[PDB]
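Comments concern the structure below.
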Amino acid sequence: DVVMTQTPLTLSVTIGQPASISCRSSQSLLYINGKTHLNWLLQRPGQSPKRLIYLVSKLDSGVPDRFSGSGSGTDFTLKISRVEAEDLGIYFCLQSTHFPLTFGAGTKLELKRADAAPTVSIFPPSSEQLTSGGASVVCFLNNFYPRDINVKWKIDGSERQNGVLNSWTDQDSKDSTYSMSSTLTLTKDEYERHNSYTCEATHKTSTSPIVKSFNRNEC
Amino acid sequence: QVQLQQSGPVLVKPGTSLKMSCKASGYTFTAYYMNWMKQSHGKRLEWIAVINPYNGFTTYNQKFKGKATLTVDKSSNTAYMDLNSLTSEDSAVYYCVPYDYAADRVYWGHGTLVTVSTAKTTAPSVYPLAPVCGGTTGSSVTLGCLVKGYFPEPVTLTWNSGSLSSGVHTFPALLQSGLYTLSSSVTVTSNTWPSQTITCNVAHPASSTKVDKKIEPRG
Ligand SMILES: CN(CCCCC(=O)O)c1ccc(/C=C/c2ccc([N+](=O)[O-])cc2)cc1
């Protein structure tokens with residue numbers, strides 16, 4: 001089998017700046033007619049893959065010219081002249097010269113933008129969940145950057161680590177930010193035992209936290 | 001226009017067989033070879049086999065030979081893939097990928113998500129999340145929706161039947177104790193809500209669940 005080795009696995013770039021992805025194969029991909037069946041694909045968040053380049057350097061329909069591909073022997077390179085929002089996702093090289101068809105591991109193309117503080121919203125449990133006998137406090141840390149960020153939860157002034165789960169979205173096409181959701185799972189009894197609920201977003205010690213709170217008790 | 005429609009997501013027990021379909025339109029069905037691909041954990045890609053629908057002749061990747069069987073029904077323009085001897089290792093997204101050799105164009109389906117497990121299907125509870133009781137007249141308002149305790153994947157969450165698309169963050173689901181939990185936030189202008197009804201729409205195919213939670217001001 002042909003092995004496609006991609007580099008790097010993840011590449012972080014500023015808008016407008018060039019990008020260079022490499023894919024190297026374990027054998028020649030020259031076909032019996034002398035054409036080289038090297039394909040490049042982009043898979044954008046939530047979508048299925050789409051081929052961008054075929055035959056080393058030929059672009060698929062209505063693929064912008066910022067994209068180009070070059071190949072010398074067993075080494076093959078995708079280049080983006082200037083990276084734009086739309087470019088974000090996972091890039092795969094694909095040989096279709098020899099069977100089976102084989103893929104590189106994929107390269108994650110990330111955007112570098114200016115640091116940005118989260119928009120924090122805290123949400124008490126809904127009255128339906130309380131009727132159900134459960135209780136979850138949800139916090140959204142929205143449109144921040146970089147991806148690295150921490151959530152502190154405090155109940156009646158004590159830090160709480162148990163029963164917290166965090167989910168990150170993929171990088172946002174529109175503005176290059178990340179968003180994150182933190183869920184604090186409790187029992188009804190426990191939620192009813194306490195009153196002050198606090199969600200904090202910090203990236204580093206030396207940056208003021210963004211804090212959002214409520215009191216179960218008052219409206 | 002070339003269109004592929006793949007069978008919906010499934011949860012199947014280990015040791016069984018599964019037949020997936022891929023109904024094609026917008027081109028002469030027999031003119032394009034039909035490839036099948038597997039993607040594992042939303043990254044790693046493998047090519048399974050290809051069929052030539054004209055004569056039904058298939059070529060397999062040795063890794064999957066005996067595991068996968070490709071067929072077509074010319075009459076219905078539909079391609080099929082059978083997977084037998086299922087294990088959790090087979091949990092993946094499966095793509096049909098027709099390749100037009102005359103023109104050299106390739107297209108990808110939206111895939112079919114397979115979950116191999118003995119876990120039983122559990123319908124999610126859906127809870128609307130309204131902002132805190134308090135009177136922060138911020139420029140914007142964020143609402144949320146919590147979808148908890150379901151199995152298997154996937155779930156479709158939309159706001160106002162998908163007509164509300166800007167300012168949405170739907171978070172990847174997380175698994176704890178055999179059940180998935182997911183959240184989505186929506187941010188609109190202060191003018192919009194509460195004066196316009198906003199509804200969380202959640203579908204969980206496997207359980208035939210379809211619920212509309214209206215987000216409403218609390219307490
Ligand atoms: C049957 N066959 C070899 C035929 C060679 C001669 C001929 O075309 O008549 C063949 C060729 C190519 C394929 C698939 C090519 C392919 C699939 C997928 C992608 N892609 O980018 O996803 C690119 C290219 C499948 C079978």
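Going by the structure tokens order, chains are called A, B, ..., each with residues numbered from 1, while ligands are numbered from 1 in the order shown.
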Could the residues of chain B that have an atom at most 9 Å from ligand 1 be listed as JSON lines, each with its closest atom pair and the distance in Å to one decimal, counting only C-alpha atoms and all ligand atoms and ordered by chain and ascending residue number?
```
{"residue": "B:32", "atom": "CA", "partner": "ligand 1", "partner_atom_place_in_ligand_line": "25 (C)", "distance": 8.8}
{"residue": "B:33", "atom": "CA", "partner": "ligand 1", "partner_atom_place_in_ligand_line": "25 (C)", "distance": 5.9}
{"residue": "B:34", "atom": "CA", "partner": "ligand 1", "partner_atom_place_in_ligand_line": "25 (C)", "distance": 7.3}
{"residue": "B:35", "atom": "CA", "partner": "ligand 1", "partner_atom_place_in_ligand_line": "17 (C)", "distance": 6.3}
{"residue": "B:36", "atom": "CA", "partner": "ligand 1", "partner_atom_place_in_ligand_line": "17 (C)", "distance": 8.8}
{"residue": "B:37", "atom": "CA", "partner": "ligand 1", "partner_atom_place_in_ligand_line": "22 (O)", "distance": 8.7}
{"residue": "B:47", "atom": "CA", "partner": "ligand 1", "partner_atom_place_in_ligand_line": "18 (C)", "distance": 8.3}
{"residue": "B:49", "atom": "CA", "partner": "ligand 1", "partner_atom_place_in_ligand_line": "25 (C)", "distance": 8.4}
{"residue": "B:50", "atom": "CA", "partner": "ligand 1", "partner_atom_place_in_ligand_line": "25 (C)", "distance": 5.8}
{"residue": "B:51", "atom": "CA", "partner": "ligand 1", "partner_atom_place_in_ligand_line": "26 (C)", "distance": 7.6}
{"residue": "B:52", "atom": "CA", "partner": "ligand 1", "partner_atom_place_in_ligand_line": "1 (C)", "distance": 6.8}
{"residue": "B:57", "atom": "CA", "partner": "ligand 1", "partner_atom_place_in_ligand_line": "1 (C)", "distance": 9.0}
{"residue": "B:58", "atom": "CA", "partner": "ligand 1", "partner_atom_place_in_ligand_line": "1 (C)", "distance": 8.5}
{"residue": "B:59", "atom": "CA", "partner": "ligand 1", "partner_atom_place_in_ligand_line": "1 (C)", "distance": 7.8}
{"residue": "B:97", "atom": "CA", "partner": "ligand 1", "partner_atom_place_in_ligand_line": "18 (C)", "distance": 6.4}
{"residue": "B:98", "atom": "CA", "partner": "ligand 1", "partner_atom_place_in_ligand_line": "17 (C)", "distance": 7.2}
{"residue": "B:99", "atom": "CA", "partner": "ligand 1", "partner_atom_place_in_ligand_line": "17 (C)", "distance": 5.5}
{"residue": "B:100", "atom": "CA", "partner": "ligand 1", "partner_atom_place_in_ligand_line": "15 (C)", "distance": 8.2}
{"residue": "B:101", "atom": "CA", "partner": "ligand 1", "partner_atom_place_in_ligand_line": "8 (O)", "distance": 5.0}
{"residue": "B:102", "atom": "CA", "partner": "ligand 1", "partner_atom_place_in_ligand_line": "8 (O)", "distance": 7.1}
{"residue": "B:104", "atom": "CA", "partner": "ligand 1", "partner_atom_place_in_ligand_line": "24 (C)", "distance": 7.9}
{"residue": "B:105", "atom": "CA", "partner": "ligand 1", "partner_atom_place_in_ligand_line": "23 (C)", "distance": 7.7}
{"residue": "B:106", "atom": "CA", "partner": "ligand 1", "partner_atom_place_in_ligand_line": "20 (N)", "distance": 5.6}
{"residue": "B:107", "atom": "CA", "partner": "ligand 1", "partner_atom_place_in_ligand_line": "22 (O)", "distance": 7.0}
{"residue": "B:108", "atom": "CA", "partner": "ligand 1", "partner_atom_place_in_ligand_line": "22 (O)", "distance": 7.2}
```
Mind listing as an MDAnalysis selection string which residues of chain B are within 6 Å of chain A, counting only C-alpha atoms? chainID B and resid 47 61 110 129 133:134 171
Excluding residue 161 of chain A and residues on its chain fewer than 6 positions from it, collect all residues at most 12 Å away from it, counting only C-alpha atoms, and give them as a ChimeraX atom specification. /A:150-155,182-186,199
Keeping only N, CA, C and O atoms, write those residues as an mmCIF file, in the first residue's frame.
```
data_model
loop_
_atom_site.group_PDB
_atom_site.id
_atom_site.type_symbol
_atom_site.label_atom_id
_atom_site.label_comp_id
_atom_site.auth_asym_id
_atom_site.auth_seq_id
_atom_site.Cartn_x
_atom_site.Cartn_y
_atom_site.Cartn_z
ATOM 1 N N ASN A 150 -10.009 28.934 30.569
ATOM 2 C CA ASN A 150 -10.403 28.218 31.772
ATOM 3 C C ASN A 150 -11.723 28.725 32.331
ATOM 4 O O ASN A 150 -12.003 29.926 32.270
ATOM 5 N N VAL A 151 -12.528 27.808 32.863
ATOM 6 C CA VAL A 151 -13.726 28.188 33.585
ATOM 7 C C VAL A 151 -13.593 27.820 35.045
ATOM 8 O O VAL A 151 -13.194 26.711 35.379
ATOM 9 N N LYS A 152 -13.894 28.780 35.911
ATOM 10 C CA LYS A 152 -14.096 28.508 37.322
ATOM 11 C C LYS A 152 -15.593 28.595 37.561
ATOM 12 O O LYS A 152 -16.251 29.507 37.050
ATOM 13 N N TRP A 153 -16.117 27.643 38.327
ATOM 14 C CA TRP A 153 -17.456 27.727 38.893
ATOM 15 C C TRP A 153 -17.352 27.867 40.381
ATOM 16 O O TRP A 153 -16.585 27.149 41.013
ATOM 17 N N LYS A 154 -18.151 28.765 40.942
ATOM 18 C CA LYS A 154 -18.206 28.963 42.389
ATOM 19 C C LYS A 154 -19.654 28.873 42.870
ATOM 20 O O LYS A 154 -20.545 29.540 42.330
ATOM 21 N N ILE A 155 -19.877 28.027 43.869
ATOM 22 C CA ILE A 155 -21.152 27.959 44.555
ATOM 23 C C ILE A 155 -20.987 28.455 45.976
ATOM 24 O O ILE A 155 -20.147 27.941 46.718
ATOM 25 N N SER A 182 -19.810 25.371 29.213
ATOM 26 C CA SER A 182 -19.496 24.683 30.462
ATOM 27 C C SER A 182 -20.762 24.324 31.212
ATOM 28 O O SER A 182 -21.551 25.193 31.563
ATOM 29 N N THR A 183 -20.951 23.041 31.463
ATOM 30 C CA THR A 183 -22.144 22.597 32.137
ATOM 31 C C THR A 183 -21.778 22.082 33.514
ATOM 32 O O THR A 183 -20.888 21.231 33.649
ATOM 33 N N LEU A 184 -22.461 22.597 34.530
ATOM 34 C CA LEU A 184 -22.302 22.127 35.897
ATOM 35 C C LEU A 184 -23.529 21.327 36.304
ATOM 36 O O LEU A 184 -24.636 21.864 36.378
ATOM 37 N N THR A 185 -23.322 20.043 36.574
ATOM 38 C CA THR A 185 -24.412 19.110 36.827
ATOM 39 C C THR A 185 -24.534 18.824 38.310
ATOM 40 O O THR A 185 -23.568 18.421 38.959
ATOM 41 N N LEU A 186 -25.739 19.031 38.825
ATOM 42 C CA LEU A 186 -26.033 18.871 40.239
ATOM 43 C C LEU A 186 -27.263 18.007 40.465
ATOM 44 O O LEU A 186 -27.923 17.574 39.511
ATOM 45 N N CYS A 199 -19.927 32.008 37.342
ATOM 46 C CA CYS A 199 -19.162 31.455 36.238
ATOM 47 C C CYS A 199 -18.082 32.470 35.890
ATOM 48 O O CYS A 199 -18.394 33.642 35.645
#
```
Of the listed residues B:4, B:81, B:62, B:75, that which approaches residue 20 of chain B most closely, counting only C-alpha atoms: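 Smallest separation from residue 20 of chain B among the options: B:81.
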Name all residues at most 7 Å from segment 145-157 of chain B (count only C-alpha atoms; drop same-chain ones fewer than 5 positions away) and give them as a PyMOL selection string. chain B and resi 11+115+121-129+179-185+200-204
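Closest approach to residue 156 of chain A among A:56, A:133, A:144, A:195: A:195, based on only C-alpha atoms.
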Interatomic distance between atom CA of residue 26 of chain A and atom CA of residue 74 of chain A?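 Computing it gives 7.1 Å between the two atoms.
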Quick one: of B:88, B:140, B:28, B:177, who's nearest to residue 76 of chain B, counting only C-alpha atoms?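 Checking each of B:88, B:140, B:28, B:177 against residue 76 of chain B, counting only C-alpha atoms, the winner is B:28.
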In terms of the shortest atom-to-atom distance over only C-alpha atoms, which of B:188, B:113, B:130, B:143 is closest to residue 92 of chain B?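 Among the listed residues, the smallest separation from residue 92 of chain B belongs to B:113.
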Shell of 9 Å around residue 191 of chain B, only C-alpha atoms, local chain residues under 5 positions omitted, as a list in words: residues 139, 140, 141 and 196 of chain B
Apply DSSP to the backbone of this structure and, from segment 13-171 of chain B, keep only the residues in strand (DSSP E); write these as a PyMOL selection string. chain B and resi 18-25+33-40+44-52+57-60+68-73+78-83+92-100+105-106+112-116+125-129+140-150+156-159+168-170
